[PDB]
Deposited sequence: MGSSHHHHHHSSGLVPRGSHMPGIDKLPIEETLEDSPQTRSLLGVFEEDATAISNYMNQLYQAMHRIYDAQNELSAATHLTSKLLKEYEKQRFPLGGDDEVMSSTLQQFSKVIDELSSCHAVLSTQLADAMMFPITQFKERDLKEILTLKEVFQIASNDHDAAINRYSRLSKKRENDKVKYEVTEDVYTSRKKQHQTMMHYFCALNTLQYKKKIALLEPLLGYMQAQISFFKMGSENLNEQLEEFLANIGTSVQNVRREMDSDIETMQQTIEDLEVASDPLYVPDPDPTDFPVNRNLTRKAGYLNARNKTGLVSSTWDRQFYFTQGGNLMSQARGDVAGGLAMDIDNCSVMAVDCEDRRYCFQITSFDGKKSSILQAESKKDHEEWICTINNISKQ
């Protein structure tokens, strides 16, 4: 395209046919860089997709490894098995795209396009040097006549070599653009056609069934749920209105009679008369035994019951009692006069 055998003369016409090419390269670099970055966003996003698909399959396979205080586990494995074969599709694709698309387009924008700019710069440097040389030469008069001529020799010779190679690259660039544009696109497509092929291979109907199946089990699970929430919202309503008259320690004496025939009393009580501060704790009758249990500690014995009677008294508080079958016990305190009676009556009832 660019004639090398026209570089020596270096005519203005020639220098114009260098501009066209040069302008063409500016355009070509601009278009090509745009395509480069788009393909770059493709590649990156593709690997990132590949990686996330893998991590998902990974997590899925660790369900049966979680500390959980069965159809599910077996389920999360087939999904893990199907999502794993897919990851590989993506993993495979990302590799091809890296080798068949990115690399070529990346070398065109790092080697080829650069050399054009590297050469243009060296030629515009050799060109200028000669320019200066010629003037000096011109201003001679009638040895500085050697040195000054020598430079024309050197600068000129440098501009001839420089412009030629430059011309060479610019021509070559003509073949390269066609390739640096078709090659990548061809690779991308071939990559894709193999991607959809491999992926379709694992997406058969025996899977579509499995999927449909679960899709009904989940709707099944959702029905169950909506059903259980309905009966719960009512329970809470029911119990919310029935309990209100019980949130208060001493309830209406006429509607909630001190039951004096219990063979089992259960509830929290405060223990022992030693400030320096008592200790709250749940208590409950049990096979002639009075068991106790602090706030979430998971049910130990405290006193045995085959004891005759049980006094009371206080320490300035209210509703206290005390057992003394074996030797005695600490002083227990109730929260109401009802509670207080039922504690004394139930235990005495316990014989």
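The deposited sequence has C-alpha coordinates everywhere except the stretches 1-25, 95-99, 173-177, 312-315, 338-341, 395-396.
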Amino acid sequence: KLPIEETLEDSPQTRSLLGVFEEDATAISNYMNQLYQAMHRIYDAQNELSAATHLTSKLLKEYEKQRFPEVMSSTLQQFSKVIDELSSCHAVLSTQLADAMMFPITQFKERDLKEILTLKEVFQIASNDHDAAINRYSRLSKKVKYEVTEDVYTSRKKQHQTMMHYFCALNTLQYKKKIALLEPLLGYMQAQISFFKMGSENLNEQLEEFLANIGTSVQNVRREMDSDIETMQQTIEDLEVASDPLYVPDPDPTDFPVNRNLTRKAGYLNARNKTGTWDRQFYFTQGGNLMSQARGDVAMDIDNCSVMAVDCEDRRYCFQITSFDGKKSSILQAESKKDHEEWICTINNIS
From here on, numbers count along this sequence of modelled residues.
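When the mean C-alpha temperature factors of 33-41 and 302-310 are read from the deposited coordinates, 302-310 comes out higher.
Averaged over CA atoms, B-factors in the entry run higher in 287-295 than in the other of 287-295 and 52-60. Ranking 154, 95, 190, 234 by the C-alpha B-factor listed in the PDB entry places 234 at the top. Per the deposited record, 71 carries the highest C-alpha B-factor of all listed residues (89, 173, 125, 71). The entry lists a Cα temperature factor for residue 120 that places it in the lowest third of the chain's modelled residues. Among all modelled residues in its chain, residue 210 ranks in the middle third by Cα B-factor. Split the chain's modelled residues into thirds by C-alpha temperature factor. Residue 332 is in the middle one. Residue 225 sits in the highest third of its chain by CA B factor, as recorded in the PDB entry. Among all modelled residues in its chain, residue 248 ranks in the middle third by Cα B-factor.
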